[PDB]
Amino acid sequence: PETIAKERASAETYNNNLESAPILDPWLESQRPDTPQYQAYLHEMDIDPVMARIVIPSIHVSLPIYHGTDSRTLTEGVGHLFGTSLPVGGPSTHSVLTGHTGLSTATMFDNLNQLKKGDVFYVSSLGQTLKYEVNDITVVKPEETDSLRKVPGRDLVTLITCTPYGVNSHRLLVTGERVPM
Ligand SMILES: [Ca+2]
Ligand SMILES: [Ca+2]
């Protein structure tokens with residue numbers, strides 16, 4: 001501090017050099033990938049072991065966010081989807097945050113299905129709190145991934161979980177859009 005300013009500018013550079021690609025379901029793969037790009041990614045937002053924090057007050061979710069969506073990570077908190085924008089907000093960014101439903105030994109994102117449009121969440125990281133407002137809710141098949149892609153000149157975050165409870169045949173996608181306070 002403020003070396004947290006360097007970390008943020010690098011994060012924003014990351015988002016801006018981020019190249020559109022296929023984003024696979026978070027639950028397809030259970031292991032950490034092993035690639036040079038993934039290692040490069042591990043270096044972003046790495047001051048603390050927690051990448052960021054999310055609070056969805058109206059469903060009492062207050063959780064840490066970590067790099068990746070391997071099975072160990074999602075047992076520990078909200079996992080961030082490698083391939084999507086880092087959660088530092090800003091333009092032409094779409095950050096995808098992943099959380100279990102049904103783990104039982106931890107609630108995680110069980111109650112994502114109580115959210116509706118106009119509901120609010122906040123993503124804090126690198127000294128800065130981002131307010132998002134929910135403006136799209138949508139159930140979907142695991143392979144149906146198109147809606148996790150960058151939407152240009154928009155600042156979006158999607159919370160994704162499995163649904164329905166105990167069956168996980170689909171995915172629930174709650175998308176919020178950046179709102180200034
Ligand atoms: Ca760094
Ligand atoms: Ca995964």
# chains A, B, ... in the order shown; residues from 1 in each chain; ligands from 1

$ closest_atom_pairs --of "chain A" --to "ligand 1" --cutoff "9 Å" --atoms "only C-alpha atoms and all ligand atoms" --output "CSV"
residue,atom,partner,partner_atom_place_in_ligand_line,distance
A:4,CA,ligand 1,1 (Ca),8.8
A:6,CA,ligand 1,1 (Ca),7.7
A:7,CA,ligand 1,1 (Ca),5.2
A:8,CA,ligand 1,1 (Ca),8.4
A:10,CA,ligand 1,1 (Ca),6.9
A:11,CA,ligand 1,1 (Ca),7.8
A:42,CA,ligand 1,1 (Ca),8.3
A:43,CA,ligand 1,1 (Ca),4.8
A:44,CA,ligand 1,1 (Ca),4.5
A:45,CA,ligand 1,1 (Ca),5.3
A:46,CA,ligand 1,1 (Ca),5.2
A:47,CA,ligand 1,1 (Ca),6.6

$ residues_near_ligand --ligand "ligand 2" --cutoff "7 Å" --atoms "only C-alpha atoms and all ligand atoms" --output "ChimeraX atom specification"
/A:26-31,68-71

$ write_last_selection --atoms "N, CA and C atoms" --output "CSV table (one decimal), in the first residue's frame"
chain,number,residue,atom,x,y,z
A,26,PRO,N,-17.7,-24.6,-15.1
A,26,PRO,CA,-16.8,-24.7,-14.0
A,26,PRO,C,-16.7,-26.1,-13.4
A,27,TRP,N,-17.7,-26.9,-13.5
A,27,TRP,CA,-17.7,-28.2,-12.9
A,27,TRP,C,-17.2,-29.4,-13.8
A,28,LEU,N,-16.9,-29.1,-15.0
A,28,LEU,CA,-16.4,-30.1,-15.9
A,28,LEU,C,-15.1,-30.7,-15.3
A,29,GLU,N,-14.1,-29.8,-15.2
A,29,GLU,CA,-12.8,-30.2,-14.7
A,29,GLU,C,-12.8,-29.9,-13.1
A,30,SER,N,-12.2,-30.9,-12.4
A,30,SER,CA,-12.2,-30.7,-11.0
A,30,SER,C,-10.8,-30.4,-10.5
A,31,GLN,N,-9.8,-30.5,-11.4
A,31,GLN,CA,-8.4,-30.3,-11.0
A,31,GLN,C,-7.9,-28.9,-11.4
A,68,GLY,N,-9.4,-19.7,-9.6
A,68,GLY,CA,-9.7,-21.0,-10.2
A,68,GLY,C,-11.0,-21.7,-9.6
A,69,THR,N,-11.3,-22.8,-10.2
A,69,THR,CA,-12.5,-23.5,-9.8
A,69,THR,C,-12.3,-25.0,-9.6
A,70,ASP,N,-11.1,-25.4,-9.2
A,70,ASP,CA,-10.9,-26.8,-8.9
A,70,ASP,C,-11.7,-27.1,-7.7
A,71,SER,N,-11.9,-28.4,-7.5
A,71,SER,CA,-12.7,-28.9,-6.4
A,71,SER,C,-12.3,-28.4,-5.0

$ residues_around --residues "residue 111 (chain A)" --least-positions-apart "6" --cutoff "9 Å" --atoms "only C-alpha atoms" --output "MDAnalysis selection string"
chainID A and resid 59:61 101

$ residues_around --residues "residue 178 (chain A)" --least-positions-apart "2" --cutoff "10 Å" --atoms "only C-alpha atoms" --output "JSON, numbers by chain"
{"A": [89, 90, 91, 120, 121, 122, 130, 131, 132, 133, 134, 154, 155, 156, 157, 176, 180, 181]}

$ write_last_selection --atoms "C-alpha atoms" --output "mmCIF file, in the first residue's frame"
data_model
loop_
_atom_site.group_PDB
_atom_site.id
_atom_site.type_symbol
_atom_site.label_atom_id
_atom_site.label_comp_id
_atom_site.auth_asym_id
_atom_site.auth_seq_id
_atom_site.Cartn_x
_atom_site.Cartn_y
_atom_site.Cartn_z
ATOM 1 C CA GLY A 89 -14.648 -4.084 -12.457
ATOM 2 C CA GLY A 90 -14.173 -1.592 -15.260
ATOM 3 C CA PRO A 91 -15.321 -1.479 -18.880
ATOM 4 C CA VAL A 120 -27.653 -5.879 -4.984
ATOM 5 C CA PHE A 121 -24.204 -7.364 -4.359
ATOM 6 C CA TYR A 122 -20.756 -5.926 -3.679
ATOM 7 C CA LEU A 130 -17.781 -2.484 -6.476
ATOM 8 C CA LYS A 131 -21.581 -2.336 -6.332
ATOM 9 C CA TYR A 132 -23.488 -4.508 -8.843
ATOM 10 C CA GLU A 133 -27.258 -4.678 -9.371
ATOM 11 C CA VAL A 134 -28.871 -7.930 -10.589
ATOM 12 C CA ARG A 154 -20.280 -3.210 -20.089
ATOM 13 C CA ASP A 155 -19.108 -3.956 -16.536
ATOM 14 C CA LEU A 156 -20.757 -7.249 -15.544
ATOM 15 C CA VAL A 157 -20.369 -9.931 -12.885
ATOM 16 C CA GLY A 176 -25.270 -8.070 -12.063
ATOM 17 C CA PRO A 180 -22.197 3.751 -9.178
ATOM 18 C CA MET A 181 -23.091 4.688 -5.595
#

$ residues_around --residues "residue 65 (chain A)" --least-positions-apart "5" --cutoff "7 Å" --atoms "only C-alpha atoms" --output "MDAnalysis selection string"
chainID A and resid 50:53 77:80

$ write_last_selection --atoms "N, CA, C and O atoms" --output "PDB file, in the first residue's frame"
ATOM      1  N   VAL A  50      -6.478 -14.388  -0.502  1.00  0.00           N
ATOM      2  CA  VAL A  50      -7.827 -14.135  -0.995  1.00  0.00           C
ATOM      3  C   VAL A  50      -7.788 -13.140  -2.147  1.00  0.00           C
ATOM      4  O   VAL A  50      -7.270 -12.052  -1.994  1.00  0.00           O
ATOM      5  N   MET A  51      -8.320 -13.502  -3.309  1.00  0.00           N
ATOM      6  CA  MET A  51      -8.326 -12.580  -4.437  1.00  0.00           C
ATOM      7  C   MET A  51      -9.281 -11.395  -4.198  1.00  0.00           C
ATOM      8  O   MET A  51      -8.948 -10.233  -4.473  1.00  0.00           O
ATOM      9  N   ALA A  52     -10.457 -11.681  -3.647  1.00  0.00           N
ATOM     10  CA  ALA A  52     -11.476 -10.653  -3.415  1.00  0.00           C
ATOM     11  C   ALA A  52     -12.547 -11.189  -2.463  1.00  0.00           C
ATOM     12  O   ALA A  52     -12.498 -12.351  -2.039  1.00  0.00           O
ATOM     13  N   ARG A  53     -13.518 -10.346  -2.135  1.00  0.00           N
ATOM     14  CA  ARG A  53     -14.602 -10.747  -1.243  1.00  0.00           C
ATOM     15  C   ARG A  53     -15.942 -10.355  -1.816  1.00  0.00           C
ATOM     16  O   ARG A  53     -16.060  -9.279  -2.409  1.00  0.00           O
ATOM     17  N   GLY A  77     -14.231 -21.626  -0.785  1.00  0.00           N
ATOM     18  CA  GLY A  77     -15.011 -20.408  -0.948  1.00  0.00           C
ATOM     19  C   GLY A  77     -15.559 -20.229  -2.350  1.00  0.00           C
ATOM     20  O   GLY A  77     -15.848 -21.187  -3.040  1.00  0.00           O
ATOM     21  N   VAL A  78     -15.708 -18.992  -2.783  1.00  0.00           N
ATOM     22  CA  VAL A  78     -16.128 -18.735  -4.143  1.00  0.00           C
ATOM     23  C   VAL A  78     -14.908 -18.820  -5.064  1.00  0.00           C
ATOM     24  O   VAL A  78     -13.856 -18.231  -4.779  1.00  0.00           O
ATOM     25  N   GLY A  79     -15.025 -19.570  -6.159  1.00  0.00           N
ATOM     26  CA  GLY A  79     -13.920 -19.707  -7.090  1.00  0.00           C
ATOM     27  C   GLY A  79     -14.124 -18.803  -8.284  1.00  0.00           C
ATOM     28  O   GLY A  79     -15.230 -18.666  -8.790  1.00  0.00           O
ATOM     29  N   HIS A  80     -13.057 -18.174  -8.743  1.00  0.00           N
ATOM     30  CA  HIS A  80     -13.142 -17.310  -9.904  1.00  0.00           C
ATOM     31  C   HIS A  80     -12.781 -18.047 -11.181  1.00  0.00           C
ATOM     32  O   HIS A  80     -11.772 -18.762 -11.239  1.00  0.00           O
TER      33      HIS A  80
END

$ select_by_dssp --residues "region 5-177 of chain A" --states "alpha helix (DSSP H)" --output "ChimeraX atom specification"
/A:5-17,36-42,71-76

$ write_last_selection --atoms "C-alpha atoms" --output "tab-separated table (two decimals), in the first residue's frame"
chain	number	residue	atom	x	y	z
A	5	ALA	CA	-2.05	0.35	-6.93
A	6	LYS	CA	0.40	-1.57	-9.06
A	7	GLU	CA	-1.63	-4.75	-8.47
A	8	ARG	CA	-4.77	-3.05	-9.62
A	9	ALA	CA	-3.27	-1.56	-12.80
A	10	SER	CA	-1.83	-4.96	-13.65
A	11	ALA	CA	-5.24	-6.54	-13.01
A	12	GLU	CA	-6.79	-4.01	-15.39
A	13	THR	CA	-4.08	-4.69	-17.96
A	14	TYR	CA	-4.89	-8.43	-17.61
A	15	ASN	CA	-8.57	-7.82	-18.33
A	16	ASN	CA	-7.69	-5.70	-21.36
A	17	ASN	CA	-5.29	-8.24	-22.87
A	36	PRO	CA	1.84	-21.22	-18.63
A	37	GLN	CA	-1.20	-18.95	-19.01
A	38	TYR	CA	-2.73	-20.32	-15.81
A	39	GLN	CA	0.51	-19.68	-13.97
A	40	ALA	CA	0.55	-16.18	-15.36
A	41	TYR	CA	-2.96	-15.78	-14.00
A	42	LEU	CA	-1.98	-16.95	-10.53
A	71	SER	CA	-12.72	-28.90	-6.43
A	72	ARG	CA	-10.46	-27.95	-3.50
A	73	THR	CA	-11.00	-24.23	-4.18
A	74	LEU	CA	-14.80	-24.43	-4.27
A	75	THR	CA	-14.72	-26.28	-0.93
A	76	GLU	CA	-12.86	-23.25	0.46

$ residues_around --residues "residue 136 (chain A)" --least-positions-apart "6" --cutoff "10 Å" --atoms "only C-alpha atoms" --output "PDB file with C-alpha atoms, in the first residue's frame"
ATOM      1  CA  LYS A 116     -34.279 -11.387  -8.120  1.00  0.00           C
ATOM      2  CA  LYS A 117     -33.668  -8.380 -10.408  1.00  0.00           C
ATOM      3  CA  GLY A 118     -32.741  -5.170  -8.573  1.00  0.00           C
ATOM      4  CA  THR A 158     -22.108 -13.311 -13.041  1.00  0.00           C
ATOM      5  CA  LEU A 173     -26.687 -17.632 -13.678  1.00  0.00           C
ATOM      6  CA  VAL A 174     -27.332 -14.413 -11.835  1.00  0.00           C
ATOM      7  CA  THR A 175     -25.802 -11.463 -13.661  1.00  0.00           C
ATOM      8  CA  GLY A 176     -25.270  -8.070 -12.063  1.00  0.00           C
ATOM      9  CA  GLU A 177     -24.266  -4.818 -13.740  1.00  0.00           C
TER      10      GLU A 177
END

$ closest_residue --among "A:172, A:18, A:81, A:126" --to "residue 96 (chain A)" --atoms "only C-alpha atoms"
A:81

$ residues_around --residues "residue 25 (chain A)" --least-positions-apart "6" --cutoff "12 Å" --atoms "only C-alpha atoms" --output "number ranges by chain"
A: 69-70, 81-83, 96-98, 140-148, 160-162, 170-173

$ atom_distance --atom1 "CA of residue 103 (chain A)" --atom2 "CA of residue 166 (chain A)"
8.9 Å

$ select_by_dssp --residues "chain A" --states "strand (DSSP E or B)" --output "PyMOL selection string"
chain A and resi 52-56+61-67+78-80+82+84+93-98+120-125+128-140+155-163+170-178

$ atom_distance --atom1 "CA of residue 64 (chain A)" --atom2 "CA of residue 163 (chain A)"
21.7 Å

$ atom_distance --atom1 "CA of residue 164 (chain A)" --atom2 "CA of residue 149 (chain A)"
23.4 Å

$ closest_residue --among "A:139, A:21, A:112, A:88" --to "residue 159 (chain A)" --atoms "only C-alpha atoms"
A:112
